[PDB]
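By convention here, the first residue in the shown sequence is residue 1. Side-chain atoms are counted along with the backbone in the values below, which use heavy atoms only and exclude waters and symmetry mates.
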Amino acid sequence: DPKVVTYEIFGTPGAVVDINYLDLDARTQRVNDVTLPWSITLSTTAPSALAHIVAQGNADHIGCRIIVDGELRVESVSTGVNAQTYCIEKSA
């Protein structure tokens, strides 16, 4: 069965952020003006993949998770004015 990778961005309900995330073709995607909380789910038949995401907007509290086949792999949370959050999983 395919590997399922989910990115989550969360922290301040209703905050608006912009996002760059890596898809499972190793291509960087851009999403602008997204409301929190937010997620996207991707899948691949490759057994191993790089995954990473960065988000930033008007939230003063913001975090990210990378979940692979239901398993939490990495988590980061930040507090600060217009804070940025970054998660990377080098072997999803």
Measuring from [X]:[atom1] to [Y]:[atom2], what's the distance to the nearest 0.5 Å?
X     : Y     : atom1 : atom2 : result
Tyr21 : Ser39 : OH    : OG    : 11.0 Å
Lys90 : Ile66 : NZ    : CD1   : 11.5 Å
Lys3  : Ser43 : NZ    : OG    : 11.0 Å

Enumerate donor-acceptor pairs with a distance under 3.5 Å from any side-chain N or O in residues 53-61 to protein atoms, sequence neighbours excluded.
{"residue": "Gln56", "atom": "NE2", "partner": "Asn82", "partner atom": "O", "Å": "3.0"}
{"residue": "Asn58", "atom": "OD1", "partner": "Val16", "partner atom": "N", "Å": "2.9"}
{"residue": "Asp60", "atom": "OD1", "partner": "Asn82", "partner atom": "N", "Å": "3.1"}
{"residue": "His61", "atom": "ND1", "partner": "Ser78", "partner atom": "O", "Å": "3.3"}
{"residue": "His61", "atom": "ND1", "partner": "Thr79", "partner atom": "OG1", "Å": "3.0"}

Heavy-atom side-chain contact between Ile62 and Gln84 under 4.5 Å =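 No; the side chains remain at least 4.5 Å from each other.
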Got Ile9 and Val34 here, is their nearest side-chain heavy-atom distance under 4.5 Å?
->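 The answer is no; the side chains never approach within 4.5 Å.
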Can you check side chain to side chain contact (heavy atoms under 4.5 Å, CB included) on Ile88 and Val74, steps first, answer last?
-> CA-CA 7 Å; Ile88 173 149; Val74 287; over 6 Å; no
Can you see which heavy atom on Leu24 is nearest to which on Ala49, and at what distance?
->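 Heavy atoms only, the tightest pair is CD2-CB, 4.1 Å.
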Residue pair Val68 / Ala92: nearest heavy atoms and the distance that separates them =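 The pair with the smallest heavy-atom distance is CG2-CB, 3.9 Å.
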Examine [X] and [Y] and state if one hydrophobic cluster contains both, with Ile, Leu, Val, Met, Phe, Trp and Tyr joined whenever side-chain heavy atoms are less than 4.5 Å apart.
X     : Y     : answer
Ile19 : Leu50 : yes
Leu22 : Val31 : yes
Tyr86 : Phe10 : no

Test salt bridge (charged side-chain N to carboxylate O under 4.0 Å, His left out) applied to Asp23 - qualifying residues, sequence neighbours left out =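 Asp23 satisfies salt bridge (charged side-chain N to carboxylate O under 4.0 Å, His left out) with no other residue.
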For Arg73 and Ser91, indicate whether the former's side chain and the latter's backbone hold a donor-acceptor pair under 3.5 Å.
->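 A pair under 3.5 Å: yes.
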Criterion side chain to side chain contact (heavy atoms under 4.5 Å, CB included) on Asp18 and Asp33, from CA distance to verdict | CA-CA 5 Å; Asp18 307 323; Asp33 311 306; 3.6 Å; yes
Could you tell me which residues satisfy side chain to side chain donor-acceptor pair (under 3.5 Å) with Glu75, sequence neighbours excluded, listed by chain and number?
->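 Here the qualifying residues are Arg65.
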